[PDB]
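Colleague: coords below, sequence missing:
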Ligand code: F3S
């Protein structure tokens, strides 16, 4: 599992960042992006799917391999 935020879809709700601070960083304009790895650790797999479910703009993709 990896995370991606589509920059064109992001409108900076910051829900992703409130749910999974560990997985997203916000730029100075409030837009989110995947952090370091992008790879989702075993303990954050659920917060990942939640952040994606919760984004109002459907801006988050999770890849599965
Ligand atoms: S709008 Fe952007 S800030 Fe997060 S909650 Fe969605 S990716």
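Modeller: Nice, I can see it. Numbers count the residues shown, from 1 in each chain.

Colleague: so residue 50 touches residue 20, yeah?
Modeller: Yes. Judged on C-beta atoms under 8 Å, residue 50 makes contact with residue 20 at a distance of 7.2 Å. In this view, the C-beta of every residue, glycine as well, is placed from N, C-alpha and C.

Colleague: of those two, which one has the most company?
Modeller: Applying other C-beta atoms under 10 Å to residue 50 and residue 20 shows that residue 20 carries more neighbours, namely 22 against 15.

Colleague: that one and residue 46 touch, don't they?
Modeller: No. In this structure, residue 20 is not within contact of residue 46 by C-beta under 8 Å, at 9.2 Å.

Colleague: going along the chain, name the helices of the chain.
Modeller: 15-19, 45-54 (DSSP state H).

Colleague: ok now the longest one, how far from the chain's centre?
Modeller: Using C-alpha atoms, centre = their mean, to the nearest Å, the mean C-alpha position of helix 45-54 is found 8 Å from that of the whole chain.

Colleague: give the buried residues for that helix.
Modeller: Going by neighbour count (16 or more other C-beta atoms under 10 Å), the buried part of helix 45-54 is 47, 48, 51, 52.

Colleague: check stretch 28-38 too.
Modeller: Buried residues in stretch 28-38 (16+ other C-beta under 10 Å): 31, 32, 33, 34.

Colleague: from memory residue 57 sits against residue 7, does it?
Modeller: No. Between residue 57 and residue 7 there is no contact under C-beta under 8 Å: 10.8 Å.

Colleague: looking at those two, which is more packed in?
Modeller: More crowded of residue 57 and residue 7, by other C-beta under 10 Å: residue 57, with 14 against 11.

Colleague: who's in contact with the more buried one?
Modeller: Neighbouring residues of residue 57 by C-beta atoms under 8 Å, 6 or more residues apart in numbering: 9, 10, 11, 13.

Colleague: residue contacts, the last one?
Modeller: It refers to residue 13. Per C-beta under 8 Å, 6+ apart, neighbours of residue 13: 55, 56, 57.

Colleague: residue contacts, residue 25?
Modeller: 17, 32, 33, 35.
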